[PDB]
Amino acid sequence: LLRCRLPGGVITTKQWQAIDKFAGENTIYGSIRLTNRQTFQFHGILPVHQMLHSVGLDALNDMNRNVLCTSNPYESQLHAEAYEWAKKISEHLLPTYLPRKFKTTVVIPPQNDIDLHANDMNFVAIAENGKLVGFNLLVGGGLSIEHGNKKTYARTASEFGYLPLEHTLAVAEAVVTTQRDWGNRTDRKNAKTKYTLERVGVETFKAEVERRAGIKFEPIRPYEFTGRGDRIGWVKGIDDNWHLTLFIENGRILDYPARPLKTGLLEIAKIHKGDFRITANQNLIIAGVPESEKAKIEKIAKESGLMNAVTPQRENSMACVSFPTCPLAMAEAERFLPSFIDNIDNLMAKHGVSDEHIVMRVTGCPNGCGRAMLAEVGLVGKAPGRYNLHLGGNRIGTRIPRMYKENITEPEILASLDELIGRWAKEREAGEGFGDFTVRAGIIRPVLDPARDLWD
Ligand code: SRM
Ligand code: SF4
Ligand SMILES: [K+]
């Protein structure tokens, strides 16, 4: 199990060819697994560092995870600057020994594809006239919980304030250091930033950050999110360039009979001008394709099965690795999702909502890697074939879903969703999401202050 440091998920075609080779020749599974933190993993490594180092990649005493960056902004020109900053924060934070692992992101509204509320530190980009002028800082997100332990909880990030671009690194360092200093020294399950904030208070923590950074936060500048999904298919970028985002189920890249996904990506990498971008939804973007090259790229993706059409539901569903490789797995996630979504697709069709989607995620255990604690419908593994069903998040991911039913099986889960999707399809207002509806309709009480009301 090896994972690479790849800020913003940007990887070159040369780097791709190198990782594709190693994956096929030096691992048990032979696959490339795209993660939801915009990087990749090999499974069952049978030397990798030399391979990495040779193509300029470095495999991550360091409590630091991959720094995320919105992959395909509507305003395409903003990506270059934002990415530049994600890369700088990444290198800046690179080795202090943090108690727990620290997760950071750079977000470009109105997209929350990187799922900011699952992270310790977030810089929401504010642009004026096509140029980034600063960041709104949100601190304190985290999703890991422990079954039945009411002292643990998922928490959304808190707004601290706005800072000019020039203060970015000073602020990044200051948040890291006060968490390091104030973080719980006695217990690891309470060492994360979300716990520290609740213990000392946001304002107390905020004041310390200003003190250390040598700045005073300005008031938060307006920002809104409209979604978290990728933009599957072709989208027009800057100049004569186009971006093709490929939906990859579970981000598992392998050649399947009649679906040579892995070889197809290699062929594209051989002729692709620009580079690739691994998304926070475990998908892949063939970035910067000249209009002249569109048909060539599309031909390979099409033939390889990389452009096989799926429902909007499937495009908005996610699961963690879980079995067979995860040592902490309680229930299947990745291997369960495909057939589970097959069933949800039938349910959506039955109720006349085949064109709709519900952000649905399955996580193999409460550690929460699948980000089910930010979904409209989240399934959390409790034991083989059994999950806790959570309802009530929203499409943009700013609300934690409360547990609706505990320790139930797939058949029981489907029966409940059949009933609820049916009600939503008929009783929902115009453009109302499933999560919001369950809260509006009184099907589940919302989680308003996680540290205090997440658990019944
Ligand atoms: C691959 C990935 C899920 C996926 O299907 O994409 C993943 C996979 C695993 N995670 Fe994670 N996590 C992944 C995103 C996350 C997320 C979501 C996110 O960051 O966007 C979370 C929830 C947010 C959070 O941190 O609160 C998450 C919370 C955890 C935890 C709980 C940490 C905690 O604070 O309590 C653990 C266990 C631990 O580290 O103690 C963990 C542990 C693990 C390990 C490395 C298991 C281990 O400790 O040995 C899993 C490897 C499974 C395997 O065989 O590949 N993973 N994990 C993601 C890899 C991200 C990356 O490239 O770094
Ligand atoms: S949520 Fe649990 S089962 Fe899934 S990858 Fe994370 S640690 Fe493993
Ligand atoms: K995916």
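What follows draws every value from the coordinates through simple rules; no lab data is involved. Quick reminder, even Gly has a Cβ in these numbers, built from the backbone with ideal geometry, and neighbours come from all protein chains shown.
Summing charges over all other residues whose Cβ lies under 12 Å from the Cβ of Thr204, with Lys and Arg as +1 and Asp and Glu as -1, gives -1. Electrostatic bookkeeping for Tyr387 treats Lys and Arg as +1 and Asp and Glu as -1; over the other residues with beta carbon under 10 Å from its beta carbon, the sum is -1. Within the straight-line cut-off of under 13 Å between alpha carbons, the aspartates and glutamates reachable from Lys88 are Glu166, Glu173, sequence neighbours fewer than 8 places apart in one chain being disregarded.
I want to make sure I understand the PRE zone here: with the label point 7 angstrom from the Cα of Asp62 toward its beta carbon, which residues in segment 1-26 have backbone N atoms less than 16 Å away? Counting backbone N atoms under 16 Å from the label point, the list is 2-10. In this rough spin-label picture, where each label sits 7 Å from Cα along the Cβ direction, the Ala441-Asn26 distance is 5.2 nm. Shown here for segment 181-255: trypsin sites (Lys or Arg not before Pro) in loop regions (DSSP other than H, G, I, E, B) with at most 16 other Cβ atoms within 10 Å, namely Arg185, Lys216.
With 0.36 nm allotted per residue and the present C-alpha distance subtracted, the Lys405-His147 stretch has 91.5 nm of extension available. Partnerless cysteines in the chain, where a partner means another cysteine C-beta under 4.7 angstrom, comprise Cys4, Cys69, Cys326, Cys365. Its DSSP H runs of at least 4 residues, each contributing -39,500 (n - 2.57), put the calculated 222 nm mean residue ellipticity of the chain at -9000 deg cm²/dmol, to the nearest 500.
Here segment 6-23 is scanned for amide nitrogen atoms under 15 Å from the site 7 Å beyond the Cα of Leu46 along Cα-to-Cβ, giving 21-23. Ignoring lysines fewer than eight residues from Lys382 along the same chain, the ones with Cα atoms less than 27 angstrom from its Cα are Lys101, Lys103, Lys150, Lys151, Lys189, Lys192, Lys194, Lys405.
Efficiency by 1/(1 + (r/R0)^6): what FRET value for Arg423 and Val235, r their Cβ-Cβ distance, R0 = 25 Å, to the nearest 0.05? Result of the calculation: an efficiency of 0.15. Ordering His43, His243, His147 from the fewest to the most neighbouring beta carbons within 10 Å gives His147, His43, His243. Close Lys pairs in segment 215-330, defined as Cα atoms under 25 Å apart and 8 or more places apart or on different chains, number 21.
For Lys426, the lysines whose Cα falls under 20 Å of its own Cα, not counting residues fewer than eight places away in the same chain, are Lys350. If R0 equals 22 Å, the separation of the Cβ atoms of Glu203 and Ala451 corresponds to a calculated FRET efficiency of about 0.90. For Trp182, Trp85, the sequence from fewest to most other C-beta atoms within 10 Å is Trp182, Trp85. Annotation for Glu224 and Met307: the two label points, set 7 Å from Cα along the Cα-Cβ direction, are 3.4 nm apart.
Think of each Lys and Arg Cβ as +1 and each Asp and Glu Cβ as -1; about the Cα centre, that makes the dipole of segment 300-456 roughly 280 debye. For the chain, the calculated P(r) over all alpha carbon pairs, in 20 Å bins from 0 to the bin holding the longest distance, is 25, 59, 16, 0 percent.
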